[PDB]
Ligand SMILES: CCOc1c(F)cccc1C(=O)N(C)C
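Given as structure tokens, the chain that follows is alone and in the form deposited without this ligand.
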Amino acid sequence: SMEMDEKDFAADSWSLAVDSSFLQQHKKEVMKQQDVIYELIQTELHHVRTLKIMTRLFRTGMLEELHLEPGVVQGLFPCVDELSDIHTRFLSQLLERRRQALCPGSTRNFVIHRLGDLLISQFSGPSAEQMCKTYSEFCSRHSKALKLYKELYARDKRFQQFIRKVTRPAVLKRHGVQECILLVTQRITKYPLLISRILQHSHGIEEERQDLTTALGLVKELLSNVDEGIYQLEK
């Protein structure tokens, strides 16, 4: 993650991220709606950060510092490059929607009026197909990935030292190899929760209330298909 985005999403909520004089110019329902939108983006930023830890710190680190077959590393971090590409492009669209929404003269004051369209494009058509096929694969290879890690940690002494070394920073306390895998699997089930609460405070503009309803149904369709395509593997 980059410092610019880390600061924009450092605050605990949208009401605490904007200036208090900007917040005081808005209706309470607008503040409640913006808070859940800010959380969707804040958690997407964390999700992309989780995927970057898996790719650059764990995956790349093992390739560059360990004598492990790339097939072993493939088993440890399945579909991480594809998941990184899918979510980094989603974070891009969310971050530019926030930037467009900014008040001229400010870098923290914004109100997003349209979100649903972005969620429909993401959770429909080819993008949804690629995401459904990627999450089905990831979740079917998830158990095999946890097992393979445990075997490597309980047999290889240099792999054990690599893990101790890279996970030492405080920033990586909740971001070990196995935490990262579960954090990724649990991500898709967070979207209907976040979208339903956004939809619950977006009954002002009707074309927005309908967009969030189509996106909610589209995410649940995606989840039902990802769930149906799971079939656990073992080595």
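Counting begins at 1, following the sequence as shown.
Same protein, other form: the form solved in complex with this ligand, not shown, and the subject of what follows.
When this ligand is considered in the entry with it bound, only one residue from 158, 99, 164, 89 comes within 4.5 Å through any heavy atom, namely 89. Contact annotation: residue 74 falls outside 4.5 Å of this ligand in the entry with it bound, judged by heavy atom distances.
In the entry with it bound, this ligand stays beyond 4.5 Å of every heavy atom belonging to residue 117. Residues 126, 127, 130 are the ones in 105-142 with at least one heavy atom within 4.5 Å of this ligand in the entry with it bound, listed in sequence order.
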